Amino acid sequence: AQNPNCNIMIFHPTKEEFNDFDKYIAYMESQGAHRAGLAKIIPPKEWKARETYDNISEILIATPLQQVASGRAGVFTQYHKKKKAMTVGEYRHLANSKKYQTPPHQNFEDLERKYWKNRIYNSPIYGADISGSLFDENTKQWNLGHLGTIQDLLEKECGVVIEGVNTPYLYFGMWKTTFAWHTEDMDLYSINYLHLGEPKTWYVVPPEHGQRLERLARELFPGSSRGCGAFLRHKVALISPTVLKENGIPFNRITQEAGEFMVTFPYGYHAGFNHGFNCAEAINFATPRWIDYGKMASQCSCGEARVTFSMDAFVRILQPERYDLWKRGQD
Ligand SMILES: O=C(O)CNC(=O)C(=O)O
Ligand SMILES: [Mg+2]
Ligand code: NI
Ligand SMILES: [Zn+2]
């Protein structure tokens, strides 16, 4: 069995190997990459996502989210308070203000320490989940707005034709902005490209051990667990590495830098934070190996998780028994 320790693998495809996306995902899996839950892909030196970023300040963040924490430093939840719209230019200035800027620090490790120590005492503002793309239309390789769609994968594998579309989303971050512990909708893959700016630190639990994280989360957030049998679908809970190590949960960590892709694999729980102002683009995708995970994915039916239009068909076709209850929580 390849990668039996479930380490995060880092790949350096050549320009030739960068031509066929599906093939390269399958290659990474042949090497055991999926066992980690997360992989890093460093693009060939000849590749570029776009010519320059010189013209991004006019993008609108219609609903910036202030991430307010409750709990203790290592075990907390966050809620998103909606703020008034602002442009990327405005947001970048805000990120660089004395209130919100990255503090002095020695290296990524020192900054990680300061994040876990101090996150809960501040409420950073995140421009998340903005439909759009920053890939140039002429970028042919690993262009996240030109991937094969999940609908088309399900059609090719299973023969059924469904509604729905699959488009990318932009994420504008600042110091301390946080993504809570989650897997993807329907335990899909995700791919995330860091277009510009400061790094993003990731934590991941191997898919084969995801249920260990779920059991710990039920212990640590006991009211949330009573409210919903899939409450990590709410995307609100944070658990630090120290707490994970105290409780014997297998995990790994890695820092993504601008110009780098990350792939999360089906049922790979992940969480993380941004180091300073940055912009990422991400999208879900499927492969044939995903279908069995889609069939088994937990679902929130309490009403909190509320997701996209396209998840309907996935639930309806892959999880017909659950469909009625899940849709009640959607409506
Ligand atoms: O970048 C972020 O805030 C969160 N991204 C992801 O969870 C992902 O790409 O799957
Ligand atoms: Mg612009
Ligand atoms: Ni994710
Ligand atoms: Zn729920």
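Every residue number used here counts from 1 along the chain in the order it is shown.
Per the header: X-ray crystallography, 1.5 Å.
Every residue, even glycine, has its Cβ placed from backbone N, Cα and C.
2-oxoglutarate is bound by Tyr126, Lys200, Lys235 in Swiss-Prot, and the record lists one more residue there from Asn118, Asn192, which is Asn192. Per Swiss-Prot, the polyADP-ribosyl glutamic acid annotation among the candidates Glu16, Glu137 falls on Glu16. Together with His182, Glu184, Swiss-Prot lists one candidate of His105, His146, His270 for binding Fe cation, that being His270. In Swiss-Prot, the annotation polyADP-ribosyl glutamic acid falls on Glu17, out of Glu17, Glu214. Within the set of binding-site residues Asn192, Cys228, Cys302, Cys228, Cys302 have a CB atom less than 6 Å from some atom of ligand 4.
The Cα atom of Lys200 (2-oxoglutarate binding site) lies nearest to that of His234, taking the binding-site residues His234, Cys300, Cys302 as the candidates. When secondary structure is read from DSSP and collapsed to three states, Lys235 (2-oxoglutarate binding site) falls in the coil class. Rounded to a whole number, the distance between the Cα atoms of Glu184 (Fe cation binding site) and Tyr126 (2-oxoglutarate binding site) is 19 Å.
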